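Quick notes on the structure that follows.
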Amino acid sequence: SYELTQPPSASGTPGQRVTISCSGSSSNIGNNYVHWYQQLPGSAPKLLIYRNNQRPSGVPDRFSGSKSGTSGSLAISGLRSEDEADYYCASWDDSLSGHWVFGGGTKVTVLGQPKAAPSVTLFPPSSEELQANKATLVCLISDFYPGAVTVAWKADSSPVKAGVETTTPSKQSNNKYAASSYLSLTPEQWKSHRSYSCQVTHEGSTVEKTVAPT
Amino acid sequence: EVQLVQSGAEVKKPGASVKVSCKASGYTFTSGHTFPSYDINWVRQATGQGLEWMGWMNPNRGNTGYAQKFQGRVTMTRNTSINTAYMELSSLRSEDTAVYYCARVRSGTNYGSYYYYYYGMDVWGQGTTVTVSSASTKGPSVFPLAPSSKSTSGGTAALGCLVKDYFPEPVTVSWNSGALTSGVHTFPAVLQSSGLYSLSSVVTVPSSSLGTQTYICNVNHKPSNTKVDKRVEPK
Amino acid sequence: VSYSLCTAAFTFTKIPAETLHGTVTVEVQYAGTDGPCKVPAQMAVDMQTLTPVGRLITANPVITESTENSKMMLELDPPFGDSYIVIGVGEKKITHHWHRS
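Chains as they are written, first to last, in the authors' numbering: chain L, 1 to 214; chain H, 1 to 235; chain E, 303 to 403.
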């Protein structure tokens, strides 16, 4: 559990000012400092603001911080798409032996780009994998925006929830998102149905792909 | 310039212990009464979760302070002659699966027995993944994801490789030995209830080249010292 | 303006010093940033009850800075005989045994 309180998520459109609160108590923020860390996707955290309002060398001044009482605030002025990241506040708590306390982190989403329906690609189990007595359906989902999708699997027309693994969406170089989903079956289950479908729902619209043993 | 470089990924069984190293460069690791004094702290993060403090170590005298959660199974040391700090975590449970970071912070001020920090963690190592699982290392089976007319749009075709049932992370996938980078996407891995990972790498190529160009995915799973090359063809 | 008690650790930065009046001056460094805040200061002979003895000469002893490691000085009027200078509260309080006269 996290001993600082910050909102799990924040959002803004490019150019907007986004502020992130970080609430502590008198034994951390009250009598110490607030520092902030930015964690880009797939990256290590980096120091963004220290000692309430100081910017490390190389951090643009559109990032600012403040502290008041037992709480602090991170302000991201002139929000940019690359500001999409997790932001962590931190403080040194002096209760008993002293320990670093952290916020639970705030995911900032920057909504700056036009909507894009997903491209869906569904692969059936290969003959090789069937010969290995296994079967995996692979549903690749790319080029969607915003980065929220839900995946539903169908055997003929019945939902399938067992043996499903789907990855969290991540941003590609084309600034759109991608995800993947897996349906594990036995070869007999695969052959015992006329078709299987990967149904991807994005912003209230569903894109479907279907494969058949034959 | 200042850099913290950590040792490589680790895989361990429940009950084991792991020792992670962190080599500092770009500044003088110890003060010697002249250079600015910096401690090495350690912070870990399970995938999709927050930051969790483990402890601090002043490399000048080697004194330490550990978070209450890890007291009794953690040890932070350093070899000053090679600018390297170490973190050793014992009695590994699966909940210890996480990325372990070392981080630098200006040494605190002593108030008797009490340590006070007034600066942020200003440089972080690249992290080291520690995987704690009862699974044993296993190389992947690579299956082709063959393009058909169903995997084809306009003039482009999607083809790929399914990298199935390996442990632990990671695998890297290249295409045509690195020569093919455009249109290549390697997806994050899933962890199946078997404790084994799987992932896919896919390429979008012009459908016309399916009869003229060869496509090979090169799958490398260094933890098991396994390299697979698989040619993906249309039928 | 109204100060709340300082919450972080103190530490003596010099040996407490007897004045010409038989009082004692102490200089303390303060670890917190919640300044300006009131320095907890008293004499005691019973270290488990901390019942006050003597008195404070300094009216309103305060840390004035809102940053760490600032130094302040205060003056106490110790009872005759043996007692303790006590700065701070809780497990972080610092003490110094004093003998007057």
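Heads up, the beta-carbon is just placed ideally off N, CA and C, and yes, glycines get one too.
Where the beta strand (DSSP E) containing residue i begins and where it ends
| i | result |
| --- | --- |
| E:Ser385 | 383-389 |
| H:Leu4 | 3-6 |
| H:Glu88 | 84-89 |
| L:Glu165 | 164-166 |
| H:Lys12 | 10-12 |
| L:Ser205 | 205-211 |
| L:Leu140 | 135-144 |
| H:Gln126 | Counting along the chain, H:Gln126 falls outside any beta strand (DSSP E), and DSSP gives it neither H nor E. |
| L:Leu48 | 46-49 |
| H:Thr137 | Where H:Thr137 is concerned, there is no enclosing beta strand (DSSP E), given that its DSSP letter is neither H nor E. |
| H:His221 | 216-221 |
| L:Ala155 | 150-155 |
| H:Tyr115 | 114-116 |
| L:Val160 | 158-160 |
| L:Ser197 | 196-202 |
| E:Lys395 | Careful: E:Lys395 lies outside any beta strand (DSSP E) and carries neither H nor E. |
| H:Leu210 | Here H:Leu210 belongs to no beta strand (DSSP E), and DSSP marks it neither H nor E. |
| L:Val120 | 119-123 |
Bridge partners - residue i, DSSP secondary structure assignment
| i | result |
| --- | --- |
| L:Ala75 | L:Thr19, L:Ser64 |
| H:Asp39 | H:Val105 |
| E:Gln344 | E:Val388 |
| H:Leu199 | H:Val163 |
| E:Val330 | E:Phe314, E:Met374 |
| L:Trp92 | L:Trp100 |
| H:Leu145 | H:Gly160 |
| E:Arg357 | E:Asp379 |
| H:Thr152 | H:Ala157 |
| H:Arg78 | H:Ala85 |
| H:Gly55 | H:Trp42, H:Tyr66 |
| L:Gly12 | L:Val110 |
| L:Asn53 | Paired residues: none, contrary to the question. |
| H:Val228 | H:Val219 |
| E:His401 | E:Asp384 |
| L:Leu40 | Answer is none; L:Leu40 lacks a bridge partner. |
| L:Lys171 | L:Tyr177 |
| H:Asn110 | H:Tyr115 |
Residue from the options with nearest C-alpha to residue i
| i | options | result |
| --- | --- | --- |
| H:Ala146 | H:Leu159, H:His221, H:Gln192 | H:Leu159 |
| L:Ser57 | H:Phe143, H:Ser7, H:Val123 | H:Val123 |
| H:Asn79 | H:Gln71, H:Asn58, H:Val99, H:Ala98 | H:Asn58 |
| E:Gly334 | E:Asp379, E:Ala319, E:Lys373, E:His399 | E:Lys373 |
| L:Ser25 | L:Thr13, L:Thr5, L:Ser43, L:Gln38 | L:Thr5 |
| H:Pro144 | H:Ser200, H:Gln3, H:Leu4 | H:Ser200 |
| H:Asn60 | H:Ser107, H:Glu233, H:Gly154 | H:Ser107 |
| H:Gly15 | H:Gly65, H:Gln3, H:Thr97, H:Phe35 | H:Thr97 |
| E:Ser304 | E:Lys340, E:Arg402, E:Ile396 | E:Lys340 |
| L:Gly147 | L:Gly15, L:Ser197, L:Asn175 | L:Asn175 |
| H:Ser208 | H:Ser31, H:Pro188, H:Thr156 | H:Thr156 |
| H:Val5 | H:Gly125, H:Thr75, H:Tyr118 | H:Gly125 |
| L:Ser157 | L:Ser126, L:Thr186, L:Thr210 | L:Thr210 |
| H:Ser153 | H:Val190, H:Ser136, H:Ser91, H:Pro206 | H:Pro206 |
| H:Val20 | H:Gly26, H:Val43, H:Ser31 | H:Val43 |
| H:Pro223 | H:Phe35, H:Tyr117, H:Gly8 | H:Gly8 |
| H:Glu95 | H:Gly211, H:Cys161, H:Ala46 | H:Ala46 |
| H:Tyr86 | H:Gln71, H:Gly72, H:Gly62 | H:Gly62 |
| L:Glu3 | L:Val138, L:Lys154, L:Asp93, L:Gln189 | L:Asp93 |
| L:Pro159 | L:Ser66, L:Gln199, L:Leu96 | L:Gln199 |
| L:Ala162 | L:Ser173, L:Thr136, L:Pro169 | L:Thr136 |
| H:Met54 | H:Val173, H:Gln71, H:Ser193 | H:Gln71 |
Unbroken alpha helix (DSSP H) run spanning residue i, endpoints
| i | result |
| --- | --- |
| L:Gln189 | 187-191 |
| E:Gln350 | Looking at the DSSP string, E:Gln350 is not in any alpha helix (DSSP H), and its letter there is neither H nor E. |
| H:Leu92 | Careful: H:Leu92 lies outside any alpha helix (DSSP H) and carries neither H nor E. |
| L:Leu130 | 127-131 |
Cβ separation of residue i and residue j, assumed to be a contact under 8 Å, to the nearest whole Å
| i | j | result |
| --- | --- | --- |
| E:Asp379 | E:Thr325 | 5 Å |
| L:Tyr177 | L:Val164 | Going by Cβ atoms, the distance from L:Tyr177 to L:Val164 rounds to 19 Å, so no, they are not a contact pair. |
| L:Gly30 | L:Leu79 | Not really, about 30 Å apart at Cβ, beyond 8 Å. |
| E:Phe314 | E:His398 | 7 Å |
| L:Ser27 | E:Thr353 | No, L:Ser27 and E:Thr353 are not in contact; Cβ-Cβ is about 27 Å, not under 8 Å. |
| L:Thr167 | H:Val190 | 6 Å |
| Interface residues of the segment 363-397 of chain E facing chain H [CB-CB below 8 Å] | Residues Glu370, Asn371, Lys394, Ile396.
| query | Going along the chain, which residues of the segment 332-357 of chain E sit with their C-beta nearer than 7 Å to a C-beta in chain H? | reply | Going along the segment 332-357 of chain E in chain order, one finds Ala333 with a Cβ nearer than 7 Å to chain H.
| Got a sec: which bits of the segment 306-319 of chain E sit with their beta carbon under 9 Å from any beta carbon on chain L, in order along the chain? | Listed by position, the residues of the segment 306-319 of chain E near chain L (Cβ gap below 9 Å) are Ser306, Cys308, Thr309, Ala310, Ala311.
| Relative to chain E, which residues along the segment 96-125 of chain H have a C-beta separation below 7 Å, given in chain order? | So the close ones are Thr109, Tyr111, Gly112, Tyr114, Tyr116, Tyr118.
| task | Please name the residues in the segment 19-42 of chain L whose beta-carbon is closer than 8 Å to at least one beta-carbon of chain E, in chain order. | result | So the close ones are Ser26, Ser27, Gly30, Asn31, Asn32, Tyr33.
| message | Residues of the segment 64-96 of chain L in Cβ contact with chain E at a cutoff of 7 Å, in chain order, please. | response | Taking 7 Å as the Cβ-Cβ cut-off against chain E, the residues of the segment 64-96 of chain L that qualify are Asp94.
| Using a beta-carbon distance cut-off of less than 8 Å, what residues from the segment 168-186 of chain L approach chain H? | Of all residues in the segment 168-186 of chain L, those with a C-beta nearer than 8 Å to a C-beta of chain H are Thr168, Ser170, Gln172, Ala178, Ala179, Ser180, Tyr182, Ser184, reading in chain order.
| task | May I ask you to list, following chain order, the residues of the segment 61-83 of chain H that have a beta carbon less than 8 Å from some beta carbon of chain L? | result | Per Cβ criterion, the list reads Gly65, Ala67, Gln68.
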